[PDB]
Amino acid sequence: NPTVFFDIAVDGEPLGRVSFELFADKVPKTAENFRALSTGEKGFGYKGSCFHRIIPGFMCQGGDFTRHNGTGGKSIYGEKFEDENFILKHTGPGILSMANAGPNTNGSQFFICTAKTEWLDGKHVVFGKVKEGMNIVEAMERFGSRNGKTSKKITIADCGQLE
């Protein structure tokens, strides 16, 4: 399974690096999308994009690098792609899973759980987890709110794949 990282910034000041294991063993198409978006190798991807929705107690959501407003993003296969499988569940903090607007609408938006979110099982494709830096994701919750609007600009200042 490949590993990728995000270097997170808060209003442009470094906060730290989060790394993620992508479950290519179980969800190869979804893992490869997130890997390639993290390296930017298709000419677009997560670098410079923000976490637009942070709700303490639940999750940090990001990945809209096309519109930067929570409505956009696109995959390496087209604007949307199908739900690959729902084998893996939202078992606890650190789970990395795809956001969507209903069935078969995966793009680039994703979320990182800060709690177990069992009611999303079967609805969102889980495809990775935080490896190092979970405390950075916890620290991002300091900037969230009840409806998810953030109080500082939380960005992926750099990202890529770890050897």
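Residue numbers here begin at 1 and follow the sequence given.
Higher average CA B factor: 36-44, of the stretches 121-129 and 36-44. 25-33 and 53-61 differ in mean CA B-factor, and the higher of the two is recorded for 25-33. Ranked by C-alpha B-factor against the other modelled residues of its chain, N100 falls in the lowest third. Compared with the other modelled residues of the chain, the Cα B-factor recorded for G148 ranks in the lowest third.
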